[PDB]
Amino acid sequence: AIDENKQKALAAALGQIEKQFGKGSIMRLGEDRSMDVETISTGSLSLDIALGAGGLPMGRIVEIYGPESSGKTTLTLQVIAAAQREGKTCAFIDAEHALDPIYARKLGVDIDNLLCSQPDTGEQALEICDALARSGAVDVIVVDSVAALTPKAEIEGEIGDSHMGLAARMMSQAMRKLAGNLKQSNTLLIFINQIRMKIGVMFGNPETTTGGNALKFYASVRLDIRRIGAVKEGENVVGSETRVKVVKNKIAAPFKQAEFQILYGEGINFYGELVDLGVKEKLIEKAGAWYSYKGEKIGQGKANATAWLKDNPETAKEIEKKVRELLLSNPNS
Amino acid sequence: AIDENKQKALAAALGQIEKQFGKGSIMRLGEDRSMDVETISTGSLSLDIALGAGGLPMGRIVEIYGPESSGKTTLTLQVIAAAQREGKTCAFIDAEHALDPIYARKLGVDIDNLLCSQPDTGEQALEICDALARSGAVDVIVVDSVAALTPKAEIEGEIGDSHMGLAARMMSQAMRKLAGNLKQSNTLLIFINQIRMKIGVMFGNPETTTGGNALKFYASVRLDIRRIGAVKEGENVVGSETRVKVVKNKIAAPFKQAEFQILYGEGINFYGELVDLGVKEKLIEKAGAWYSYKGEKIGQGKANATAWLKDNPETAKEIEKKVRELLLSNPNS
Amino acid sequence: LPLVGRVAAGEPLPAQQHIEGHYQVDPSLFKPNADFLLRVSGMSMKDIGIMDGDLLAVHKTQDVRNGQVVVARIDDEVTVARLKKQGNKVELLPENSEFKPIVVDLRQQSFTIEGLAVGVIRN
Amino acid sequence: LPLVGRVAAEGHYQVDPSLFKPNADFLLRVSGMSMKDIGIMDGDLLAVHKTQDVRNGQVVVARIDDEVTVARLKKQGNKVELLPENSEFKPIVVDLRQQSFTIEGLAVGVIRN
DNA sequence: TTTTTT
Ligand SMILES: Nc1ncnc2c1ncn2[C@@H]1O[C@H](COP(=O)(O)OP(=O)(O)OP(O)(O)=S)[C@@H](O)[C@H]1O
Ligand SMILES: Nc1ncnc2c1ncn2[C@@H]1O[C@H](COP(=O)(O)OP(=O)(O)OP(O)(O)=S)[C@@H](O)[C@H]1O
Ligand SMILES: [Mg+2]
Ligand SMILES: [Mg+2]
């Protein structure tokens, strides 16, 4: 009687909306396969575990920020290399003009297949990202240091000229124009942010991020990467002990954190994370500093265990499969 | 099938961006020769080896800082002299108003070809730096003591007035506007910084560089240069032993350190670096306090051996060619 | 005198500078002059009279001595307690028998003093 | 808000009366340590709203034979208990047949200098 | 929105 009329009206409205705006304009959420979350590797197993879903989501906006020499660009290049190893196409909009192609090649990035752009202005950078997203042939775009996304008016202006919130307005407009395009193209955009200090904050952390507030709202995952120690070979510092805290997460539980090592010229120590997580899951027995697998003493200490694991890839693959199976909160399909 | 469509869409996107923003706006990282890192000598062989790439990267940003009378100005003047020896043009934005033309000429700088400017405000200094970068005729710019880069409002105001982080805003805007111009122009900008105390720090080294956090993020190379002792000709203190730690490096492995001698009136003692690096590579035999070369006992004591090296250019040329071959990790040619 | 968030009187809680409101209190009534107010959340400081729900007036300083009641922040989490610093270890002693002192390993954890407790106002 | 003496537990203080419910009428210094369990300490200013009728359970500022005190009121016929908040102290039993007991107002807030 | 200073 009444419910039948309501169903007829709802079906008529649905058909009208589909006719007006397209086949995929409106549909039931349970039958919409475009809204599924597809994740991509971060190059760090511990970070993949911390993200919950198994890596950074595709088609979303992800922000990575931290203090100086914390490993933002290196982590990002690891993400890009992991993307390229599956055959995806990636782009790097280097707004700092501080990308080293040789170091990028050392991390596992195929430089010959990486699109690199050095934009003159922030508007040009954001437009390049917009065009790449609309193309649909690029799976990951990274924008280096949205603190370097200087507006055209500011570039044409003079030093000391006041451009109140112009960069924030441009960033908000870009995020508005980019969210839907990235969702449609199934393209992951990673914005690298710099850390500034806010003045006049009377309580709490004075550390703010550049680019205004729109990037905070539109980013599905926000990472705070920090350098927490030095990996020293006695007297020579050979790496960095780095902690990444997932300050925002729209695809899993937030605030989980990961710890790993970035070794200069090699990138993220995947095998070190592997040994540590195998120890965490009772898959590698750690008697003090003695690491052993299934009784067989693989070595003494993190470095020796990593070397042994590198010498024995099969055990590495087995432990990685087990760790991904257990510790992942939201295992991807 | 789908791969060809992806390639066609990617080609169309690259054509669109190239037509919209310029020929070199976007292209693959492999065939971008503008992104190659090319460096110049810093005046110290030990510092060149410590930097990894063999010098300071052109088109990038370098921040040199240390305590009082640690040799920052002398180091930058030595870099300027080395650049001028290669036909390059250099500018000195003397913001501290403490540059001596006589001493600069003593160190080897051709004063007649050094564009020296004494800005009245920090904005004037940074506008001059931007103009010099955009001009393209200046290969090295040295901004002395960015602690002296005072904003115009601070100058017009009275002493004791609070300008809450105005120089930080000025420096952030300057770096934003300057990074791209420096990269496009292939100009090396060296910011000399001072050291200030951190009030109420709890853990360690309450040292801070003036000018805010922008320079930490934007400087490709950051040097901590300190005086560790005196070099005496009997009882006359004739030089200073100086240690430079590469705190931040974007072109090679960081945290390496180098030690040299700054002789008053001569600058960097190059031949002492030559002797020490030859000894380190077994090129010069060291028997106690005696140095010998290829059987020939060359002297006793570091000073007398270096005096030998002064006496005969030929063996100095031999040993410098050899050590440059064995220790320079990234030779250009 | 603005109210700019909450402070944990116990196990530290993350807190943000949210200006909930401005209260008509003469800041000069406290020595030193109070800079802001914090809504106390906990009972680790009730022995001196700082109860849950009342407003602790804080004077923004960075230098404090041992035995003072201070508002500190360890790894982005704020708390209020009596300070005791010994080299690379810190102790934020509460005023409660049921609660235990909170040790801060000043070699791995970020620790920043965020002011001094200079009085309490209850509504 | 005026200060008009002490309390057995001088200046105009720039405090908004509306911050207290009911609105505070005058402030009283505290002299004593018996009100400690509910946060009222020695030396603080306690806020009082001038009224005459109260019920049980509230913490009230009473005047017993011209002597001023603050405690929790418990009325039972002709027997009043001004319960304190402290273990070392004992309650003050007002036999409401021989002593004049006057309610002066309600404790509605505390302020510490 | 934008930025530390000793
Ligand atoms: N070419 C290189 N070779 C070796 N190590 C490098 C190189 N470039 C940077 N590093 C180091 O690798 C680590 C990762 O830092 P990066 O990711 O390059 O810098 P960042 O984290 O992006 O911060 P910024 O933007 O440079 S301030 C740091 O400890 C760097 O010092
Ligand atoms: N005209 C000069 N002749 C000889 N030695 C000098 C002269 N000027 C400075 N020196 C010394 O040379 C060393 C190098 O210091 P500088 O060249 O002044 O650079 P600096 O360490 O940054 O000192 P600043 O800029 O004044 S804080 C110091 O030990 C100076 O005392
Ligand atoms: Mg970076
Ligand atoms: Mg100087």
# chains A, B, ... in the order shown; residues from 1 in each chain; ligands from 1
$ residues_near_ligand --ligand "ligand 1" --cutoff "9 Å" --atoms "only C-alpha atoms (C1' of nucleotides) and all ligand atoms" --output "short mmCIF file (atom, residue, chain, number, x, y, z; two decimals) with N, CA and C atoms, in the first residue's frame"
data_model
loop_
_atom_site.label_atom_id
_atom_site.label_comp_id
_atom_site.auth_asym_id
_atom_site.auth_seq_id
_atom_site.Cartn_x
_atom_site.Cartn_y
_atom_site.Cartn_z
N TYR A 65 54.81 13.95 7.06
CA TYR A 65 55.48 15.13 7.55
C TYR A 65 56.38 14.77 8.72
N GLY A 66 57.36 15.62 8.97
CA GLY A 66 58.28 15.43 10.06
C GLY A 66 59.37 16.48 10.05
N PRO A 67 60.27 16.42 11.02
CA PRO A 67 61.36 17.40 11.08
C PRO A 67 62.42 17.15 10.02
N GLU A 68 63.48 17.95 10.04
CA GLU A 68 64.49 17.87 8.99
C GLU A 68 65.27 16.56 9.07
N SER A 69 65.55 16.00 7.89
CA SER A 69 66.29 14.75 7.76
C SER A 69 65.68 13.63 8.60
N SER A 70 64.35 13.57 8.61
CA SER A 70 63.66 12.50 9.31
C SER A 70 63.39 11.29 8.42
N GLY A 71 63.52 11.43 7.10
CA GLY A 71 63.34 10.31 6.21
C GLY A 71 62.07 10.38 5.38
N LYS A 72 61.53 11.58 5.19
CA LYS A 72 60.30 11.73 4.42
C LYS A 72 60.51 11.33 2.97
N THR A 73 61.52 11.93 2.32
CA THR A 73 61.76 11.65 0.91
C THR A 73 62.21 10.21 0.70
N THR A 74 63.01 9.67 1.63
CA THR A 74 63.46 8.29 1.48
C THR A 74 62.31 7.30 1.61
N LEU A 75 61.46 7.49 2.62
CA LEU A 75 60.27 6.65 2.75
C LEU A 75 59.39 6.75 1.52
N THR A 76 59.21 7.97 1.01
CA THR A 76 58.40 8.16 -0.19
C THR A 76 58.99 7.44 -1.39
N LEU A 77 60.31 7.52 -1.57
CA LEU A 77 60.94 6.83 -2.69
C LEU A 77 60.86 5.32 -2.52
N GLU A 96 60.84 21.14 -3.94
CA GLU A 96 62.03 21.65 -3.28
C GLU A 96 63.22 21.79 -4.22
N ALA A 98 65.21 19.45 -4.87
CA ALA A 98 66.22 18.77 -4.07
C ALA A 98 66.06 17.26 -4.18
N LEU A 99 65.91 16.75 -5.40
CA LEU A 99 65.87 15.32 -5.65
C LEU A 99 67.18 14.88 -6.28
N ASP A 100 67.75 13.79 -5.76
CA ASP A 100 68.98 13.25 -6.30
C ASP A 100 68.64 12.01 -7.11
N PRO A 101 68.74 12.04 -8.44
CA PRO A 101 68.39 10.86 -9.23
C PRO A 101 69.24 9.64 -8.93
N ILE A 102 70.52 9.83 -8.62
CA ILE A 102 71.39 8.69 -8.33
C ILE A 102 70.96 8.01 -7.03
N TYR A 103 70.71 8.80 -5.99
CA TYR A 103 70.24 8.23 -4.73
C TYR A 103 68.89 7.56 -4.91
N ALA A 104 68.01 8.17 -5.71
CA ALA A 104 66.73 7.55 -6.00
C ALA A 104 66.92 6.20 -6.67
N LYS A 106 69.51 4.26 -6.27
CA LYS A 106 70.06 3.34 -5.27
C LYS A 106 68.98 2.72 -4.39
N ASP A 144 56.60 16.89 -3.41
CA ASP A 144 57.65 17.14 -2.43
C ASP A 144 57.44 18.48 -1.74
N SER A 145 57.23 18.44 -0.42
CA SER A 145 57.29 19.63 0.42
C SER A 145 56.27 20.68 -0.03
N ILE A 192 54.19 15.45 0.75
CA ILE A 192 55.21 15.56 1.77
C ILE A 192 55.11 16.96 2.38
N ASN A 193 55.07 17.03 3.70
CA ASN A 193 54.93 18.29 4.40
C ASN A 193 56.15 18.56 5.26
N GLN A 194 56.42 19.84 5.47
CA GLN A 194 57.46 20.29 6.38
C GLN A 194 56.80 20.75 7.67
N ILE A 225 56.73 11.25 10.73
CA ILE A 225 57.98 10.49 10.69
C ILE A 225 59.05 11.29 11.41
N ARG A 226 59.77 10.62 12.31
CA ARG A 226 60.78 11.28 13.12
C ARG A 226 62.02 10.40 13.23
N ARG A 227 63.17 11.05 13.39
CA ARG A 227 64.44 10.38 13.59
C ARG A 227 64.68 10.23 15.09
N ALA A 230 70.49 6.87 15.95
CA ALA A 230 71.51 6.67 14.93
C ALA A 230 71.96 5.22 14.95
N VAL A 238 75.92 4.86 10.22
CA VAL A 238 75.60 4.25 8.94
C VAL A 238 74.11 4.28 8.64
N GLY A 239 73.26 4.59 9.61
CA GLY A 239 71.83 4.64 9.36
C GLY A 239 71.10 5.47 10.39
N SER A 240 69.78 5.51 10.25
CA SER A 240 68.91 6.27 11.14
C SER A 240 67.81 5.37 11.69
N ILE A 262 66.54 3.27 8.46
CA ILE A 262 66.85 3.73 7.12
C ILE A 262 68.36 3.76 6.99
N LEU A 263 68.90 2.88 6.16
CA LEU A 263 70.34 2.80 5.94
C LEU A 263 70.70 3.60 4.70
N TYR A 264 71.69 4.48 4.84
CA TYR A 264 72.03 5.41 3.78
C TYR A 264 72.51 4.65 2.54
N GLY A 265 71.83 4.88 1.42
CA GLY A 265 72.15 4.22 0.18
C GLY A 265 71.42 2.92 -0.07
N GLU A 266 70.68 2.40 0.92
CA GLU A 266 69.93 1.17 0.74
C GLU A 266 68.46 1.40 1.01
N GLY A 267 68.15 2.35 1.88
CA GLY A 267 66.77 2.66 2.21
C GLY A 267 66.31 2.00 3.49
N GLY B 52 81.39 13.64 0.49
CA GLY B 52 81.01 12.50 -0.34
C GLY B 52 81.08 12.72 -1.83
N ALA B 214 63.04 26.99 8.46
CA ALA B 214 63.01 26.87 7.01
C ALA B 214 64.37 26.46 6.45
N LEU B 215 65.44 27.06 6.97
CA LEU B 215 66.77 26.79 6.46
C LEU B 215 67.20 25.36 6.75
N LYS B 216 66.74 24.78 7.85
CA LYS B 216 67.04 23.38 8.12
C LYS B 216 66.45 22.47 7.05
N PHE B 217 65.23 22.76 6.62
CA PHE B 217 64.56 21.93 5.62
C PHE B 217 65.09 22.18 4.22
N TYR B 218 65.49 23.41 3.93
CA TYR B 218 65.81 23.78 2.57
C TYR B 218 67.28 23.63 2.23
N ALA B 219 68.17 23.70 3.22
CA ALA B 219 69.59 23.59 2.96
C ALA B 219 69.93 22.17 2.54
N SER B 220 70.47 22.03 1.32
CA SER B 220 70.89 20.71 0.87
C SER B 220 72.02 20.16 1.72
N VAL B 247 76.39 17.78 9.21
CA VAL B 247 75.23 17.33 9.98
C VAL B 247 74.10 16.88 9.05
N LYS B 248 73.92 17.57 7.92
CA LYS B 248 72.89 17.21 6.96
C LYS B 248 73.50 17.14 5.57
N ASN B 249 73.22 16.06 4.85
CA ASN B 249 73.68 15.89 3.49
C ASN B 249 72.57 15.29 2.65
N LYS B 250 72.34 15.87 1.47
CA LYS B 250 71.34 15.39 0.54
C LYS B 250 71.95 14.79 -0.72
N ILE B 251 73.26 14.91 -0.89
CA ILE B 251 73.94 14.41 -2.09
C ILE B 251 74.85 13.23 -1.81
N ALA B 252 75.11 12.91 -0.55
CA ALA B 252 75.94 11.76 -0.19
C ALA B 252 75.66 11.39 1.26
N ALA B 253 76.46 10.49 1.80
CA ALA B 253 76.27 10.05 3.17
C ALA B 253 76.58 11.18 4.14
N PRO B 254 75.70 11.44 5.10
CA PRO B 254 75.95 12.54 6.05
C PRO B 254 76.78 12.10 7.24
N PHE B 255 77.00 13.02 8.17
CA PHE B 255 77.60 12.80 9.48
C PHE B 255 79.09 12.49 9.42
#
$ residues_around --residues "segment 104-114 of chain C" --least-positions-apart "2" --cutoff "10 Å" --atoms "only C-alpha atoms (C1' of nucleotides)" --output "ChimeraX atom specification"
/A:202-205,228-229 /B:200-204 /C:58-64,70-80,83,85-92,101-102,116-117
$ select_by_dssp --residues "segment 139-278 of chain A" --states "strand (DSSP E or B)" --output "JSON, numbers by chain"
{"A": [140, 141, 142, 143, 144, 188, 189, 190, 191, 192, 193, 194, 195, 196, 197, 207, 208, 209, 221, 222, 223, 224, 225, 226, 227, 228, 229, 230, 231, 232, 233, 236, 237, 238, 239, 240, 241, 242, 243, 244, 245, 246, 247, 248, 249, 257, 258, 259, 260, 261, 262, 263, 267, 268]}
$ closest_residue --among "A:36, A:120, A:31, A:3" --to "chain B" --atoms "only C-alpha atoms"
A:120
$ closest_atom_pairs --of "chain B" --to "chain E" --cutoff "10 Å" --atoms "only C-alpha atoms (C1' of nucleotides)" --output "CSV"
residue,atom,partner,partner_atom,distance
B:162,CA,E:5,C1',9.4
B:163,CA,E:5,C1',9.2
B:164,CA,E:4,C1',6.6
B:165,CA,E:4,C1',4.4
B:166,CA,E:3,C1',6.5
B:167,CA,E:3,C1',8.0
B:168,CA,E:3,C1',5.4
B:169,CA,E:3,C1',4.8
B:170,CA,E:3,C1',8.5
B:171,CA,E:3,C1',9.4
B:172,CA,E:3,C1',8.2
B:196,CA,E:6,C1',7.2
B:197,CA,E:6,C1',6.3
B:198,CA,E:6,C1',6.6
B:199,CA,E:6,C1',6.2
B:200,CA,E:6,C1',9.9
B:208,CA,E:6,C1',10.0
B:210,CA,E:5,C1',8.9
B:211,CA,E:4,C1',8.4
B:212,CA,E:4,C1',6.3
B:213,CA,E:4,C1',8.6
B:214,CA,E:3,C1',9.7
$ interface_residues --of "chain C" --to "chain D" --cutoff "12 Å" --atoms "only C-alpha atoms" --output "PDB file with N, CA, C and O atoms, in the first residue's frame"
ATOM      1  N   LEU C   1      41.115  35.668  31.411  1.00  0.00           N
ATOM      2  CA  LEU C   1      41.883  34.434  31.510  1.00  0.00           C
ATOM      3  C   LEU C   1      41.206  33.304  30.742  1.00  0.00           C
ATOM      4  O   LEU C   1      40.183  32.777  31.179  1.00  0.00           O
ATOM      5  N   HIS C  22      36.564  32.222  27.758  1.00  0.00           N
ATOM      6  CA  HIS C  22      37.359  33.205  28.483  1.00  0.00           C
ATOM      7  C   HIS C  22      36.650  33.519  29.791  1.00  0.00           C
ATOM      8  O   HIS C  22      35.474  33.896  29.785  1.00  0.00           O
ATOM      9  N   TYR C  23      37.362  33.366  30.904  1.00  0.00           N
ATOM     10  CA  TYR C  23      36.780  33.520  32.229  1.00  0.00           C
ATOM     11  C   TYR C  23      37.205  34.850  32.837  1.00  0.00           C
ATOM     12  O   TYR C  23      38.366  35.252  32.730  1.00  0.00           O
ATOM     13  N   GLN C  24      36.252  35.528  33.477  1.00  0.00           N
ATOM     14  CA  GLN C  24      36.480  36.866  34.024  1.00  0.00           C
ATOM     15  C   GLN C  24      37.137  36.759  35.401  1.00  0.00           C
ATOM     16  O   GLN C  24      36.517  36.949  36.449  1.00  0.00           O
ATOM     17  N   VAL C  25      38.429  36.448  35.378  1.00  0.00           N
ATOM     18  CA  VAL C  25      39.242  36.375  36.584  1.00  0.00           C
ATOM     19  C   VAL C  25      40.468  37.256  36.400  1.00  0.00           C
ATOM     20  O   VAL C  25      41.146  37.202  35.369  1.00  0.00           O
ATOM     21  N   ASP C  26      40.748  38.073  37.412  1.00  0.00           N
ATOM     22  CA  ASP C  26      41.911  38.950  37.401  1.00  0.00           C
ATOM     23  C   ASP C  26      43.185  38.114  37.464  1.00  0.00           C
ATOM     24  O   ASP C  26      43.455  37.475  38.488  1.00  0.00           O
ATOM     25  N   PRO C  27      43.986  38.088  36.397  1.00  0.00           N
ATOM     26  CA  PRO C  27      45.187  37.236  36.409  1.00  0.00           C
ATOM     27  C   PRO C  27      46.202  37.639  37.462  1.00  0.00           C
ATOM     28  O   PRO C  27      47.042  36.817  37.847  1.00  0.00           O
ATOM     29  N   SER C  28      46.148  38.883  37.943  1.00  0.00           N
ATOM     30  CA  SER C  28      47.121  39.353  38.921  1.00  0.00           C
ATOM     31  C   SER C  28      46.917  38.733  40.298  1.00  0.00           C
ATOM     32  O   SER C  28      47.795  38.869  41.156  1.00  0.00           O
ATOM     33  N   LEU C  29      45.786  38.063  40.530  1.00  0.00           N
ATOM     34  CA  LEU C  29      45.527  37.481  41.843  1.00  0.00           C
ATOM     35  C   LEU C  29      46.489  36.349  42.172  1.00  0.00           C
ATOM     36  O   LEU C  29      46.647  36.006  43.350  1.00  0.00           O
ATOM     37  N   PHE C  30      47.128  35.760  41.168  1.00  0.00           N
ATOM     38  CA  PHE C  30      48.085  34.687  41.373  1.00  0.00           C
ATOM     39  C   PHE C  30      49.504  35.222  41.227  1.00  0.00           C
ATOM     40  O   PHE C  30      49.757  36.159  40.467  1.00  0.00           O
ATOM     41  N   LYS C  31      50.427  34.623  41.969  1.00  0.00           N
ATOM     42  CA  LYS C  31      51.838  35.001  41.920  1.00  0.00           C
ATOM     43  C   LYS C  31      52.668  33.796  41.504  1.00  0.00           C
ATOM     44  O   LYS C  31      52.775  32.825  42.282  1.00  0.00           O
ATOM     45  N   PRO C  32      53.271  33.804  40.308  1.00  0.00           N
ATOM     46  CA  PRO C  32      53.228  34.857  39.279  1.00  0.00           C
ATOM     47  C   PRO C  32      51.876  34.940  38.572  1.00  0.00           C
ATOM     48  O   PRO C  32      51.004  34.110  38.808  1.00  0.00           O
ATOM     49  N   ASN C  33      51.678  35.943  37.716  1.00  0.00           N
ATOM     50  CA  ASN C  33      50.401  36.119  37.035  1.00  0.00           C
ATOM     51  C   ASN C  33      50.070  34.899  36.185  1.00  0.00           C
ATOM     52  O   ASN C  33      50.899  34.410  35.415  1.00  0.00           O
ATOM     53  N   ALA C  34      48.842  34.409  36.320  1.00  0.00           N
ATOM     54  CA  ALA C  34      48.403  33.255  35.551  1.00  0.00           C
ATOM     55  C   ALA C  34      48.284  33.621  34.077  1.00  0.00           C
ATOM     56  O   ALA C  34      47.842  34.722  33.735  1.00  0.00           O
ATOM     57  N   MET C  43      42.494  12.831  40.100  1.00  0.00           N
ATOM     58  CA  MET C  43      42.595  13.026  41.540  1.00  0.00           C
ATOM     59  C   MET C  43      43.985  12.723  42.090  1.00  0.00           C
ATOM     60  O   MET C  43      44.109  12.379  43.270  1.00  0.00           O
ATOM     61  N   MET C  45      46.255  14.937  42.430  1.00  0.00           N
ATOM     62  CA  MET C  45      46.714  16.170  43.057  1.00  0.00           C
ATOM     63  C   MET C  45      45.736  16.711  44.094  1.00  0.00           C
ATOM     64  O   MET C  45      45.823  17.889  44.449  1.00  0.00           O
ATOM     65  N   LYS C  46      44.810  15.884  44.588  1.00  0.00           N
ATOM     66  CA  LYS C  46      43.781  16.390  45.491  1.00  0.00           C
ATOM     67  C   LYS C  46      44.325  16.702  46.878  1.00  0.00           C
ATOM     68  O   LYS C  46      43.668  17.418  47.642  1.00  0.00           O
ATOM     69  N   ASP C  47      45.507  16.183  47.222  1.00  0.00           N
ATOM     70  CA  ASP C  47      46.051  16.394  48.560  1.00  0.00           C
ATOM     71  C   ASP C  47      46.314  17.872  48.823  1.00  0.00           C
ATOM     72  O   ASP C  47      46.182  18.341  49.959  1.00  0.00           O
ATOM     73  N   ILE C  48      46.687  18.620  47.791  1.00  0.00           N
ATOM     74  CA  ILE C  48      46.905  20.053  47.913  1.00  0.00           C
ATOM     75  C   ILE C  48      45.621  20.831  47.603  1.00  0.00           C
ATOM     76  O   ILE C  48      45.564  22.046  47.793  1.00  0.00           O
ATOM     77  N   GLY C  49      44.569  20.136  47.176  1.00  0.00           N
ATOM     78  CA  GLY C  49      43.299  20.765  46.887  1.00  0.00           C
ATOM     79  C   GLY C  49      42.929  20.851  45.423  1.00  0.00           C
ATOM     80  O   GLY C  49      41.887  21.435  45.101  1.00  0.00           O
ATOM     81  N   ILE C  50      43.738  20.292  44.529  1.00  0.00           N
ATOM     82  CA  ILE C  50      43.437  20.311  43.102  1.00  0.00           C
ATOM     83  C   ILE C  50      42.581  19.093  42.772  1.00  0.00           C
ATOM     84  O   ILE C  50      43.101  17.991  42.571  1.00  0.00           O
ATOM     85  N   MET C  51      41.268  19.292  42.711  1.00  0.00           N
ATOM     86  CA  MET C  51      40.308  18.216  42.515  1.00  0.00           C
ATOM     87  C   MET C  51      39.945  18.087  41.042  1.00  0.00           C
ATOM     88  O   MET C  51      40.198  18.989  40.240  1.00  0.00           O
ATOM     89  N   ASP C  52      39.354  16.948  40.692  1.00  0.00           N
ATOM     90  CA  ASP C  52      38.871  16.750  39.333  1.00  0.00           C
ATOM     91  C   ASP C  52      37.762  17.743  39.015  1.00  0.00           C
ATOM     92  O   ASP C  52      36.829  17.924  39.802  1.00  0.00           O
ATOM     93  N   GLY C  53      37.866  18.386  37.854  1.00  0.00           N
ATOM     94  CA  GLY C  53      36.855  19.295  37.372  1.00  0.00           C
ATOM     95  C   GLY C  53      37.147  20.762  37.612  1.00  0.00           C
ATOM     96  O   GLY C  53      36.536  21.611  36.953  1.00  0.00           O
ATOM     97  N   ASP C  54      38.054  21.085  38.529  1.00  0.00           N
ATOM     98  CA  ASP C  54      38.354  22.485  38.780  1.00  0.00           C
ATOM     99  C   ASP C  54      39.398  22.999  37.793  1.00  0.00           C
ATOM    100  O   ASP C  54      40.067  22.234  37.094  1.00  0.00           O
ATOM    101  N   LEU C  55      39.526  24.319  37.744  1.00  0.00           N
ATOM    102  CA  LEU C  55      40.397  24.996  36.795  1.00  0.00           C
ATOM    103  C   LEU C  55      41.717  25.354  37.460  1.00  0.00           C
ATOM    104  O   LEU C  55      41.755  26.183  38.374  1.00  0.00           O
ATOM    105  N   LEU C  56      42.793  24.735  36.994  1.00  0.00           N
ATOM    106  CA  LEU C  56      44.140  25.033  37.451  1.00  0.00           C
ATOM    107  C   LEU C  56      44.670  26.203  36.633  1.00  0.00           C
ATOM    108  O   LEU C  56      44.731  26.123  35.402  1.00  0.00           O
ATOM    109  N   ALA C  57      45.029  27.293  37.309  1.00  0.00           N
ATOM    110  CA  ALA C  57      45.594  28.452  36.634  1.00  0.00           C
ATOM    111  C   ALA C  57      47.095  28.262  36.463  1.00  0.00           C
ATOM    112  O   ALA C  57      47.801  27.950  37.426  1.00  0.00           O
ATOM    113  N   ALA C 117      51.895  25.753  38.079  1.00  0.00           N
ATOM    114  CA  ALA C 117      50.594  25.838  38.735  1.00  0.00           C
ATOM    115  C   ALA C 117      50.630  26.950  39.777  1.00  0.00           C
ATOM    116  O   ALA C 117      51.490  26.951  40.662  1.00  0.00           O
ATOM    117  N   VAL C 118      49.699  27.899  39.681  1.00  0.00           N
ATOM    118  CA  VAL C 118      49.728  29.084  40.528  1.00  0.00           C
ATOM    119  C   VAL C 118      48.392  29.320  41.235  1.00  0.00           C
ATOM    120  O   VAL C 118      48.194  30.369  41.835  1.00  0.00           O
ATOM    121  N   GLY C 119      47.479  28.369  41.183  1.00  0.00           N
ATOM    122  CA  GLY C 119      46.211  28.510  41.879  1.00  0.00           C
ATOM    123  C   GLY C 119      45.112  27.664  41.265  1.00  0.00           C
ATOM    124  O   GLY C 119      45.240  27.089  40.191  1.00  0.00           O
ATOM    125  N   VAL C 120      43.985  27.598  41.967  1.00  0.00           N
ATOM    126  CA  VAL C 120      42.845  26.787  41.559  1.00  0.00           C
ATOM    127  C   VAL C 120      41.566  27.598  41.717  1.00  0.00           C
ATOM    128  O   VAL C 120      41.373  28.303  42.713  1.00  0.00           O
ATOM    129  N   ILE C 121      40.692  27.501  40.717  1.00  0.00           N
ATOM    130  CA  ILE C 121      39.380  28.135  40.738  1.00  0.00           C
ATOM    131  C   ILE C 121      38.328  27.074  40.449  1.00  0.00           C
ATOM    132  O   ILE C 121      38.428  26.346  39.456  1.00  0.00           O
ATOM    133  N   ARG C 122      37.314  26.988  41.308  1.00  0.00           N
ATOM    134  CA  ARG C 122      36.273  25.979  41.172  1.00  0.00           C
ATOM    135  C   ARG C 122      34.918  26.652  41.016  1.00  0.00           C
ATOM    136  O   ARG C 122      34.618  27.630  41.707  1.00  0.00           O
ATOM    137  N   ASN C 123      34.104  26.123  40.108  1.00  0.00           N
ATOM    138  CA  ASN C 123      32.777  26.670  39.853  1.00  0.00           C
ATOM    139  C   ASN C 123      31.696  25.821  40.517  1.00  0.00           C
ATOM    140  O   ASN C 123      31.239  24.828  39.951  1.00  0.00           O
TER     141      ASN C 123
END
$ interface_residues --of "chain B" --to "chain A" --cutoff "7 Å" --atoms "only C-alpha atoms" --output "list in words"
residues 6, 9, 10, 13, 17, 25, 26, 27, 28, 29, 30, 35, 123, 126, 127, 170, 173, 174, 176, 177, 179, 180, 183, 213, 216, 217, 251, 253 and 255 of chain B
